[PDB]
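Participant: I'd like to ask some things about the structure below.
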Amino acid sequence: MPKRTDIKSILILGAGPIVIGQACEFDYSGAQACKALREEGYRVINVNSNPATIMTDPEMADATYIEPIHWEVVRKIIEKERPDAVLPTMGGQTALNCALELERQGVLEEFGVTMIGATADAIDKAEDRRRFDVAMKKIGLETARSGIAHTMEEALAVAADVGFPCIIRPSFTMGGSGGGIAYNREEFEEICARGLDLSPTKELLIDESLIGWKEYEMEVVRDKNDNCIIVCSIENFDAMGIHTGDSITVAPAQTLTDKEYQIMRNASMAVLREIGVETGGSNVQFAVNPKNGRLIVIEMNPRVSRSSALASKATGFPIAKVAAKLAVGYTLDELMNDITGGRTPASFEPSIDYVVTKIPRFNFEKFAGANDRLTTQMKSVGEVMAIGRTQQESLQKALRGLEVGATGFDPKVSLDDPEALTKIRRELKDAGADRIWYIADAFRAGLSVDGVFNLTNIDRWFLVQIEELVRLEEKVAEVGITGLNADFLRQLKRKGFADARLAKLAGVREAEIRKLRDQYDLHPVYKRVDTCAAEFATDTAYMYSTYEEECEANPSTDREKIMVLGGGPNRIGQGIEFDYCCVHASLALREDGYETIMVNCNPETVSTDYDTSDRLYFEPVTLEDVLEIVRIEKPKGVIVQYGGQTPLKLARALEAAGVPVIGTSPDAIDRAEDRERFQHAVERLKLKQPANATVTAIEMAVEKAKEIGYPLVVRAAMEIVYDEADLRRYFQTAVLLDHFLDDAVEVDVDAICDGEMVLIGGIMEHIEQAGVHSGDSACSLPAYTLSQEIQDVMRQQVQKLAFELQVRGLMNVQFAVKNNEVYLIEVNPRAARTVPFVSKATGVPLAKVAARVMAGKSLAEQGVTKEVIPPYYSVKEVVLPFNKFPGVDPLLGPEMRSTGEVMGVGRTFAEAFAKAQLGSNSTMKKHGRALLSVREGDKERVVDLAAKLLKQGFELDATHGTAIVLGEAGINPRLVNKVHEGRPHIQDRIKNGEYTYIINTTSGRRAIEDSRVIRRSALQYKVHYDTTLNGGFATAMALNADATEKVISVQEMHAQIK
Amino acid sequence: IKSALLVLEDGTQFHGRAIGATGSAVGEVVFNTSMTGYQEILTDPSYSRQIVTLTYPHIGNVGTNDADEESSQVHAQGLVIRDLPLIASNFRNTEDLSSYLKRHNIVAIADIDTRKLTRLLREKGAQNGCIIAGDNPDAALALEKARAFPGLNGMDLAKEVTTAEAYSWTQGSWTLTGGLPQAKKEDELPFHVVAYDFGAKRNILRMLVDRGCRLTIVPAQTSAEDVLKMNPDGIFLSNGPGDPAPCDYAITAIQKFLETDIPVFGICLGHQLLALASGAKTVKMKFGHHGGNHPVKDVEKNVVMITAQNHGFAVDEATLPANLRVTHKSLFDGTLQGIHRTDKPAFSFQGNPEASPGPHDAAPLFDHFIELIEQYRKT
Ligand SMILES: Nc1ncnc2c1ncn2[C@@H]1O[C@H](COP(=O)(O)OP(=O)(O)O)[C@@H](O)[C@H]1O
Ligand SMILES: Nc1ncnc2c1ncn2[C@@H]1O[C@H](COP(=O)(O)OP(=O)(O)O)[C@@H](O)[C@H]1O
Ligand SMILES: CC[N+](CC)(CC)CC
Ligand SMILES: NCCC[C@H](N)C(=O)O
Ligand SMILES: [Cl-]
Ligand SMILES: [Cl-]
Ligand SMILES: [Cl-]
Ligand SMILES: [Cl-]
Ligand SMILES: [Cl-]
Ligand SMILES: [Cl-]
Ligand SMILES: [Cl-]
Ligand SMILES: [K+]
Ligand SMILES: [K+]
Ligand SMILES: [K+]
Ligand SMILES: [K+]
Ligand SMILES: [K+]
Ligand SMILES: [K+]
Ligand SMILES: [K+]
Ligand SMILES: [K+]
Ligand SMILES: [Mn+2]
Ligand SMILES: [Mn+2]
Ligand SMILES: [Mn+2]
């Protein structure tokens, strides 16, 4: 019943770097589990290669390991810490996969580690698709007609049997990874080869189509006494055929009769019982034929998931925390319900009095050639959530919270466009990321609810609500601001219309609608989340806005409050890193005595965990929403510097409206963010910046260009133009102009200014040269090649910039070093994404420190005045989503595409880099054949790389001019033909597995376009590849290290710091 | 603009919109937390003279259908919701909810802050209220009617919704596939249970049938003698509206059955009566239990079941005579949920094992009954 006694220490496996399909939700879950276990008295050990997580913060656990999530590495941790048990259900597919390998490898046996939460067998039963299917049949649940395949031949025969289109689902994958929908054979082979390959068990399940049926999911929790509860139900908005992760979804279910719901609830339970999950949570997914209620079991996830995080946020029932406790022996009835002030137990089914909506965040604009249609394989990079008393209020709020610039149903096509209905039709029929907008456009263009349904399969119950919102909008447009009487506006507000959407329709400024509401005293009220539809009281201040009567905010008059603004959904370049800082602001300030108020709506995060702060407002981070909160909270100060771009952009507006913004001023922010304003301060400071120019006209550039000197960084999506012709060519296709600093080292420096002094947090040398976005660059702390001398120049400049721009809290500075000269690239007057890594690396929690500075405690008062240089090296490496978008050229450049990062800790740089590289899922080997194909600039240094590879045992292949260069130096690689040259060529060789390493560098649009085949193959074929010579050298160095050799804990790391 | 308004005994007003019949409704206002099953709730006799507030905001999403009816009519005095959807959207739907309410002549209001309402009821306890839906709703009038309501405490409503004459029931449960099945032939049912109609849900009846019973529903007021005269294999005490305390007839009859060896099983009102007939005492809860997510533990098995609840009165554990042993309790508040006669084959459950709407978790209570039944037959 109560806590297990034969277990003292638990190893928790983390999820690794954030990638599409496996994101922040695992930092939230992992953190909750550390939390619960530590509270319960267990000794906690955990491994997670991603430094940007709260779960890896040293005070969160007993032995924290920021090391590559490899079995051999984990093997060393077990050996070293000797955990009695392992909890592998809080780290995504990464953890499940690892647990099972450890098991397979016999490591568990080896050290007598007991698997808790979920057994190995149970996990496999759910994870192996064939096993899963047999089990459903065993319990009389129905599944789609299908066939298992382990090879292409078997695969064809299944298709031959189910017909097109068919759904391909690999075993041992999640988030639609390695799968898809085949409309034809061609696509069938493509998807099929992909998943057999990606499937850890080389297995695919091929099913007949159920595209268009309704999609549902249930979150279940089961304890050892067999007690079983439904924590939340979710109805998808997008139908079957579009992955749940890439679908808009809402809770609770809406269109099922109680009769139908009971059957699904009963089937959900039966499924857990059958698979054998006896001590945790699981997600069961189903398909429902809207025509006759026919129920089909689609799958089950024996662990915490992105839906379970959403469900916790939605209901206030902390699934991961509960599950952790169950894993060690507790039963639901023994645990107390968190938010009901521990008054009721955890053994109950939550009841909510509101509607929860989740909308996915996409970033197709960063992936040009990518197929931007929605399918069974996730493509989204994040998600936002909204709570409203109604579905319309919920939806709209979510729409404005998505950070895509929408104010709600903003139009996509013009009323007067002759082709709009055709475009509308296409977007509906074949869902893209923009579908929702197009739906409203459809209603404005004349299609009926029925016509829309027909194209989309989205339930009419939703469609009608959106239609109703459109008609209301048409009314606003007609009546205008004059017709915005108190009754109507209130109506509008109740349906979730935003002041900004109303303002566009009425042709006035947002502020005008805002005043109007003030005049009429029309403000939202706040309701609290409480798991039980007000049946019991609550003491947690977990809130959402709504246009209702009674307000439950009940703010303190007692305390000095500090508000922290979140970043909204995660997207490329605005990830978990911003959230870590928000969380830290909150933890430090609360610890210090302030009443902390968090404002954010990312359901995946720790910032939105009601434990993180005193008060949580789960709202869109917009000017409207914020002012409403500030209105009633009257805080001492507001932090806008930690949430990324989102809150950064509200700064001035917030100050204009009288909000007490703390830390670096909105003006200051602007000075740094405005290029022009920035260029003058640099000048003022007498610093060095590359030559630049603002060109309007083409012919105005071409000249100015001559002025600046090529190459040039065309920045309206950046570009590096090499020549005059290049320039034109650009514009054509296509304004600032900056001289591109060719072959320079890029560096980032994070720091803190308190008006009195500057504290250097860290100097990070990037591996990839300037021109490769810093977010996509691997980097090292401390610098691995920069002279202390030039580093001193940077520290000075950082200092001068800090004081000049009046920074108060964090800042980030980016330089480019060329010919022993420091050039300023930019100043980011807020927390940068490098903050968590620098903090982990140096043991100083810079976001807590900088937050104290913001609230008024100086560096000196806090005792943080000296730069810390660690005794070991920390290397950061990133993970790119290219494998999710095959049509894209997996090439680095000036624009950021990575989703996450990992950290490598070593005695030497080679050692850190090797850990970083392994942690990043690199397929690099220590032997084999390497293919070298480099650009002219690279021709010189390539020789040295080639010998290092030779010295290591590799054989070499080279294309034409590279072979020439190598030849002349004495290296004679095996010559290989380019695709044009003849056969066999690179493609063939790569396809055949001839290589284990590929080094391919290029320069010039055209040159890049041709060589596309190499990277594309390399990625497709899983061969490790570098696209920069600097990276190649870094890879060469790591060949000398052994990532599995030694492991170190964060506590130990930090203890080595003198 | 079809106005409506609800007023509680305390003076609180909620102005919204009329969504059912024109008129007024008076009763005790209660809240129900069920996210699905509004139709079933509406048609449960137990809701007699009560004004039902549903906390789940969208009520009506799936429309209505005959199979979802718990009785021949809508018993709820009135309906209080936050939002009526534009459309009903479900393959089983036969009529939109507004139409349905109108058709049943029900006074209903939408667009009010149901949360505020639930919070008041929770905090200050149950209150009587009144809804007026019409041209220009009289707030003073509504308050007066609310205040003039007698109240459910001491009110016998069982006699009021009971059948007039006894009847036979032999119809089992619905299936997705076959819907409601045809009534069975008496010879196909091994057992014969006599059911006391105190405002019985059809689902109770159907679940008994599913377990081998053939029944004879009898009016609330049936005598023990006439009852025993039927030679039943068991006796069933249905659920039903109002205060159980006043039903002196039932109590007496019951006491009468307890002298014999016939298995007796009560559900809800049936649970309270058994308790009363055994020397226990009933109380009116602060707000009671209405929802479908209520945890009740089988203490003899140390196990939890999520159940459907719909009761405003309860049995005091503290006054339990010695012959009554406690079998289940609420995990939300510890109230008494089940009892069993130590000396007789008589037991009851406060919650609704038949659900409709709700979790199927407590179905098994029915099996114990059969068990008892068969045992009595062995004799
Ligand atoms: N027979 C099917 N027809 C159509 N779509 C399907 C079918 N089976 C699954 N899908 C779709 O594919 C998605 C992914 O399948 P799922 O089994 O959940 O794999 P994953 O484990 O990757 O999340 C579902 O969310 C659903 O929209
Ligand atoms: N003048 C330049 N020379 C070389 N590389 C540059 C130059 N300007 C920018 N870059 C490259 O472009 C990247 C992004 O430019 P930056 O001004 O920092 O844009 P962002 O605001 O997107 O962070 C840098 O990290 C760098 O690799
Ligand atoms: C989901 C993340 N991976 C599969 C589990 C691939 C990036 C980690 C190895
Ligand atoms: N730090 C970026 C990842 C490097 C990738 N292997 C490439 O060099 O293209
Ligand atoms: Cl592994
Ligand atoms: Cl995966
Ligand atoms: Cl079908
Ligand atoms: Cl109007
Ligand atoms: Cl940043
Ligand atoms: Cl693609
Ligand atoms: Cl109201
Ligand atoms: K053990
Ligand atoms: K699965
Ligand atoms: K099947
Ligand atoms: K879907
Ligand atoms: K799911
Ligand atoms: K770089
Ligand atoms: K920037
Ligand atoms: K109202
Ligand atoms: Mn899955
Ligand atoms: Mn899935
Ligand atoms: Mn930058």
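So the sequences go chain by chain: A and B.
For the first sequence, our numbering assigns the number 302 to the initial residue and increments by one for each residue that follows.
For the second sequence, our numbering assigns the number 6 to the initial residue and increments by one for each residue that follows.
Backbone N, C-alpha and C define an ideal beta-carbon position, used for all residues, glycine too.
Please enumerate, following chain order, all residues with a beta carbon closer than 6 Å to at least one heavy atom belonging to ligand 19.
Facilitator: Checking every Cβ against the heavy atoms of ligand 19 under 6 Å gives B:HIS20, B:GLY21, B:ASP116, B:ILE117.
Participant: Could you tell me the boundaries of the beta strand (DSSP E) in which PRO1012 (chain A) lies?
Facilitator: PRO1012 (chain A) -> no beta strand (DSSP E), and no H or E assigned at all.
Participant: Buried or exposed for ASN1120 (chain A), please, with buried defined as at least 16 other CB atoms from any protein chain shown within 10 angstroms of its CB.
Facilitator: When all chains shown are included, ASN1120 (chain A) counts as exposed.
Participant: Can you round the beta-carbon distance between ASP1190 (chain A) and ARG1307 (chain A) to whole angstroms, since I take them to be within the 8 Å contact cut?
Facilitator: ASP1190 (chain A) to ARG1307 (chain A), Cβ: 13 Å. No contact.
Participant: Can you check whether the C-beta of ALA834 (chain A) is within less than 7 Å of a C-beta belonging to chain B?
Facilitator: So, interface residue.
Participant: With a Cβ-Cβ cutoff of 7 Å, do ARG795 (chain A) and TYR848 (chain A) count as a contact?
Facilitator: Yes, the pair counts as a contact, with Cβ atoms nearer than the cut-off.
Participant: Would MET437 (chain A) be called buried (16 or more neighbouring beta carbons within 10 Å of its own) or exposed?
Facilitator: Its Cβ being crowded by 16 or more others within 10 Å, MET437 (chain A) is buried.
Participant: When DSSP labels each residue in this structure, what does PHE154 (chain B) get in the three-state scheme?
Facilitator: Residue state, collapsed to three classes: coil.
Participant: Give every residue whose Cβ lies closer than 6 Å to any heavy atom of ligand 21, listed in chain order.
Facilitator: Selection output, chain order preserved: A:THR545, A:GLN586, A:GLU600.
Participant: Since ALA285 (chain B) and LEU242 (chain B) are thought to touch, with beta carbons under 8 Å apart, how far apart are those beta carbons, to the nearest angstrom?
Facilitator: Not a contact, Cβ separation roughly 14 Å.
Participant: Quick check: what's the CA-CA separation for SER1075 (chain A) versus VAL1114 (chain A)?
Facilitator: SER1075 (chain A) and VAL1114 (chain A): Cα-Cα distance of roughly 11 Å.
Participant: Just checking my contact of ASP161 (chain B) with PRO224 (chain B) at CB under 8 Å: how many whole Å lie between their CB atoms?
Facilitator: Not confirmed; about 13 Å, so no contact.
Participant: At the level of alpha carbons, what is the spacing between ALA1103 (chain A) and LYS698 (chain A)?
Facilitator: Those two C-alpha atoms are separated by around 38 Å.
Participant: In terms of alpha-carbon separation, which member of A:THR839, A:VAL1324, A:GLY546, A:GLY331 lies closest to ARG1290 (chain A)?
Facilitator: Ranking the options by Cα distance to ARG1290 (chain A), first place goes to A:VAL1324.
Participant: With 16 other CB atoms within 10 Å as the buried threshold, where does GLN380 (chain B) fall?
Facilitator: Exposed is the call here.
Participant: When Cβ atoms are compared, which residues of the region 556–570 of chain A fall closer than 8 Å to chain B?
Facilitator: From the region 556–570 of chain A, only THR556, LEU557, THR558, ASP559, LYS560, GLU561, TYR562, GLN563, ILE564, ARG566, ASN567 have a Cβ closer than 8 Å to chain B.
Participant: Between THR757 (chain A) and the rest of its own chain, which residues show a CB-CB distance below 6 Å, the 5 nearest in sequence each way excluded?
Facilitator: Excluding residues within five positions, the ones whose Cβ falls inside 6 Å are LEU729.
Participant: Tell me the rounded alpha-carbon separation between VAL826 (chain A) and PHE798 (chain A).
Facilitator: About 15 Å.
Participant: What residue does the beta strand (DSSP E) around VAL780 (chain A) start on, and which one ends it?
Facilitator: First-last for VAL780 (chain A): 761–780, but that is the alpha helix (DSSP H), not the beta strand (DSSP E).
Participant: How would the residue list near ligand 6 read, in chain order, if you kept each one whose beta-carbon is closer than 5 Å to any heavy atom?
Facilitator: Spelled out in chain order, the answer is A:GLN394, A:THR474, A:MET475, A:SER478.
Participant: Spatial neighbours of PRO646 (chain A) within its chain, please: C-beta separation below 8 Å, excluding the five flanking residues on both sides.
Facilitator: These residues qualify, in order along the chain: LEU633, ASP634, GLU635, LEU636, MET637, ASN638.
Participant: Need the endpoints of the beta strand (DSSP E) that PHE196 (chain B) sits in, please.
Facilitator: Start and end: 196–202.
Participant: So is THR645 (chain A) in contact with chain B if we call contact Cβ pairs under 7 Å?
Facilitator: By this cut-off, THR645 (chain A) is an interface position.
Participant: Using a Cβ-Cβ cutoff of 9 Å, what residues of the region 75–106 of chain B are near chain A? List them in chain order.
Facilitator: Result list: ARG87, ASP88, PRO90, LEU91, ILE92, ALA93, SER94, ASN95, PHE96, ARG97, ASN98.
Participant: Looking at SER1159 (chain A) and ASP1093 (chain A), is the spacing between their C-beta atoms short of 7 Å?
Facilitator: Not in contact: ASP1093 (chain A) and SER1159 (chain A) (Cβ atoms no closer than 7 Å).
Participant: Strictly under 7 Å for the Cβ-Cβ distance: is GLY42 (chain B) near chain A by that measure?
Facilitator: True, the Cβ-Cβ gap to chain A drops below 7 Å.
Participant: Give the straight-line distance between the Cα atoms of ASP731 (chain A) and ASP711 (chain A), rounded to the nearest whole angstrom.
Facilitator: Approximately 20 Å between the Cα atoms of the pair.
Participant: With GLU684 (chain A) and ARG662 (chain A) assumed to form a contact (beta carbons below 8 Å), what rounded beta-carbon distance in angstroms separates them?
Facilitator: Confirmed, about 6 Å.
Participant: Starting from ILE1300 (chain A), follow the beta strand (DSSP E) in both directions and report where the run begins and ends.
Facilitator: From DSSP, the beta strand (DSSP E) with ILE1300 (chain A) extends over 1298–1301.
Participant: Cβ of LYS828 (chain A) less than 7 Å from any chain B Cβ?
Facilitator: Yes, because at least one Cβ of chain B sits closer than 7 Å to the Cβ of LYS828 (chain A).
Participant: By Cβ distance, which residues of its chain are closer than 6 Å to residue 279 (chain A), with the 5 residues on each side in sequence left out?
Facilitator: With chain A running from 302 to 1359 in the structure shown, residue 279 (chain A) is simply not present.
Participant: Helix, strand or coil, according to DSSP, for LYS1249 (chain A) in the structure here?
Facilitator: Looking at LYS1249 (chain A) - three-state DSSP - the assignment turns out to be helix.
Participant: Looking at the unbroken beta strand (DSSP E) that takes in residue 1392 (chain A), where does it start and where does it end?
Facilitator: Since the first residue shown for chain A is 302 and the last is 1359, residue 1392 (chain A) is missing from the structure and cannot be characterised.
Participant: Can you name the residues of chain A whose CB is closer than 7 Å to the CB of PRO62 (chain B)?
Facilitator: Within chain A, the residues near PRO62 (chain B) are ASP654, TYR655, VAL656, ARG690, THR691.
Participant: For the candidate residues A:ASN1301, A:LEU1060, A:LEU806, whose alpha-carbon lies nearest to that of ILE782 (chain A)?
Facilitator: Among A:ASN1301, A:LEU1060, A:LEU806, the Cα nearest to that of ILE782 (chain A) belongs to A:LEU806.
Participant: When every heavy atom of ligand 12 is checked, does at least one fall within less than 6 Å of the C-beta of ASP385 (chain A)?
Facilitator: Yes, Cβ of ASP385 (chain A) sits closer than 6 Å to a heavy atom of ligand 12.
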